[PDB]
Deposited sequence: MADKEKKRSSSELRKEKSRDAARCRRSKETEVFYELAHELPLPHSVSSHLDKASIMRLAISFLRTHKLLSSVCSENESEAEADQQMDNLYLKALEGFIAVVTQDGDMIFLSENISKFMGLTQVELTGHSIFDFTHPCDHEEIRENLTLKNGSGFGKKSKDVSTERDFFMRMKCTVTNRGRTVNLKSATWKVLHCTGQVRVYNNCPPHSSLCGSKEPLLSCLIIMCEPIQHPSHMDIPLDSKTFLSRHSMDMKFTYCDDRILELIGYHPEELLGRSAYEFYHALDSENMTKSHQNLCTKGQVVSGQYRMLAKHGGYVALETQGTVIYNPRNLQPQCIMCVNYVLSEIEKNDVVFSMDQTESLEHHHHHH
């Protein structure tokens, strides 16, 4: 008795609404307390309108220790993973991520200090609003960028990659869609490519997209392709696509595998392509396609 009203004591004195703070097991209250003051400690090591910052993010903030403990998660994680901050805080990153990515995650938690990777994480938010249970969880790829820091720590923001079917962010005039086989051969792309890069969608069909990006970017794209195949979504580095009549445009493309929903085999790649420049060096030609 005397111990329960003190558990509700600290519950309603942790930075949470009375609402959620009411219903917690005390093991949870522990975990949340300990991670909260641990977080404040690291952030003391860092410094020396919350709705705004929190709501303007297309991802969530995680700080994860060297052994995988998620000592902090921003409160908007529910809006992307469905899993609540209260449910994951203090538990192992290794219990909510695709096991095949564990060695990669383990490899990013250790020892420069900048980090950029892709991580499949349990997700219980059905695109619609409704939330489902942990047994019925989907794997969602997260694009994680951040810093390792000291006693090691990883501080990342994890944005989901928008799935090109279900988009509720407007696209502008410098963004065009494209469809690829699994080997990345062109099988569809927007008409705006004509204005943007000069190609007619007619002529790229059947062409390997490996023939239109500047060779100096190969190292990156390949891994992007490989990543896109093993986890199903990628955000590429910026790279140069060869324009039609010489020159190039800077491009950044979100790629995603779409599966046939009848037999479940992977059908293709859908690429959202952000054009980052007007055609540069229009006089130089790089490939035999531009010579014509």
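A.B. asks: Give the ranges of the deposited sequence, numbered from 1, for which the structure holds no C-alpha coordinates, in sequence order.
C.D. replies: Unobserved in coordinates, per deposited numbering: 1-26, 75-85, 149-161, 201-217, 360-368.
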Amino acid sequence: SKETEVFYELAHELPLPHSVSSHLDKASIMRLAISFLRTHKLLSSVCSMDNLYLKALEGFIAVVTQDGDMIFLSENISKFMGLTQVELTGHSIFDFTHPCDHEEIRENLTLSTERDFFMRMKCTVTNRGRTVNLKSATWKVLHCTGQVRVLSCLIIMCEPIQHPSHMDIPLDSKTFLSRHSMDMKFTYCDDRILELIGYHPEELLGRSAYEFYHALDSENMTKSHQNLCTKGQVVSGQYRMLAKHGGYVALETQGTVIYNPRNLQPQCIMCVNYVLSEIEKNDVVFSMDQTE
From here on, numbers count along this sequence of modelled residues.
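A.B. asks: So, looking at the entry's B-factor column for Cα atoms, which has the higher mean, 235-243 or 256-264?
C.D. replies: Between 235-243 and 256-264, it is 256-264.
A.B. asks: Do the C-alpha atoms of 157-165 or of 121-129 have the higher average B factor in the entry?
C.D. replies: The recorded data point to 121-129.
A.B. asks: Out of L228, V63, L54, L251, which residue has the highest Cα temperature factor in the PDB record?
C.D. replies: In the PDB entry, the greatest C-alpha B-factor among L228, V63, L54, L251 is found at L54.
A.B. asks: Among the modelled residues of its chain, does the C-alpha B-factor of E75 lie in the lowest, middle or highest third?
C.D. replies: Its C-alpha B-factor belongs to the highest third of this chain's values.
A.B. asks: Looking at the C-alpha B-factor of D116, is it in the lowest, middle or highest third of its chain?
C.D. replies: Lowest third - that is where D116 ends up once the chain's C-alpha B-factors are sorted.
A.B. asks: Within this chain's modelled residues, let me know which third the CA B factor of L204 belongs to: lowest, middle or highest.
C.D. replies: Tercile = middle for this residue's CA B-factor.
A.B. asks: Against its chain's modelled residues, does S287's Cα B factor rank lowest, middle or highest third?
C.D. replies: Answer is lowest: the recorded C-alpha B-factor places it there.
A.B. asks: Ranked by Cα temperature factor within the chain, is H102 in the lowest third, the middle third or the highest third?
C.D. replies: Its C-alpha B-factor, which the entry lists for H102, ranks in the middle third among residues of this chain.
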